[PDB]
Amino acid sequence: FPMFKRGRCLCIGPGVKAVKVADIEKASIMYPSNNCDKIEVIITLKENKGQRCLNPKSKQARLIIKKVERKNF
C-alpha cells in the first residue's frame, strides 16, 4: 500500500524506553537530520545501540539532557 511518510525527517521511535541512562538513551544532536529545516536529537536508547529521534510533538530529550549529561566516556 502507498502510505508514504511525507516527512523525511520524521520518527516514531526505532528504540525502546528507559535503559542504562549513560550507555544508551543519550541524545546528543540538534540537527535537521541533514535534509531539513527542523532540528532533532539522536537518542541511542536501546539494548545496545539504536536511534531515537524524538521531536514530532514530544521531544522529551529535554529531560534526557540530564541523562546524556551524566558523566562522559
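### A closer look at helix 1 (residues 61-68)
One turn of the α-helix equals 3.6 residues, which is why residues spaced by three or four share an orientation.
Phase 1 of the analysis: Those residues of helix 1 lying buried are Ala61, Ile64 and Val68. Each buried residue of helix 1 lies within a common arc of 55° when the element is viewed along its axis, so the set occupies one face. Turned more than 90 degrees away from the buried face of helix 1 sit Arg62, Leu63 and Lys66, all of them exposed.

### Remarks on the side chain of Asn55
Phase 1 of the analysis: You can see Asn55 is positioned in the segment before helix 1.
Phase 2 of the analysis: For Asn55, a relative accessible area of 10% corresponds to the buried category.
Phase 3 of the analysis: What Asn55 contacts, discounting residues up to four positions off in sequence, is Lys38, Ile39 and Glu40.

### Considerations on unusual backbone geometry
Phase 1 of the analysis: A positive phi angle is found at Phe4, which is not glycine, with a value near 60°.
Phase 2 of the analysis: Along the chain, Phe4 turns up in the segment before helix 1.
Phase 3 of the analysis: Its relative accessible area of 67% is what places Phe4 among the exposed residues.
Phase 4 of the analysis: Backbone geometry at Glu25 places phi at a positive 70°, although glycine is not the residue there.

### Some details on the state of the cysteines
Phase 1 of the analysis: If you walk through the whole model with that rule in mind, you get two disulfides.
Phase 2 of the analysis: Note that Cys11 is cross-linked by a disulfide to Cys53, the S-S spacing being 2.0 Å. Torsion about the S-S bond of the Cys11 and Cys53 cystine: about -90°, corresponding to left-handed handedness. Placement of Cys11 in the segment before helix 1 and of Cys53 in the segment before helix 1 is noted, with a sequence separation of 42 residues between them.
Phase 3 of the analysis: On the accessibility criterion, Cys11 (27% relative accessible area) is partly exposed.
Phase 4 of the analysis: In the protein, the bonded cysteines, numbered by position in the sequence, are linked as 1-3, 2-4.

The rules behind the values
- Per the conventions used, each chain is numbered from 1 along its written sequence, independently of whether this matches the entry, and residues without coordinates are not displayed.
- Calculation of side-chain values draws on the structure's entire complement of heavy atoms; hydrogens and water are dropped beforehand.
- Residue burial is assigned from relative accessible area. The probe radius is 1.4 Å, only protein chains are included, and a residue is buried under 20% of its type maximum, exposed over 50%, and partly exposed in between.
- Strands here mean DSSP runs of E at least two residues long; helices mean DSSP runs of H or I at least four residues long; both are numbered from the N terminus.
- The arc in question is the one spanned by the directions pointing from the helix axis to the C-beta atoms.
- Between two residues, a contact is recorded if the distance between any of their heavy atoms is within 4.5 Å.
- A pair of sulfur atoms, both from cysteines and within 2.5 Å, is called a disulfide here.

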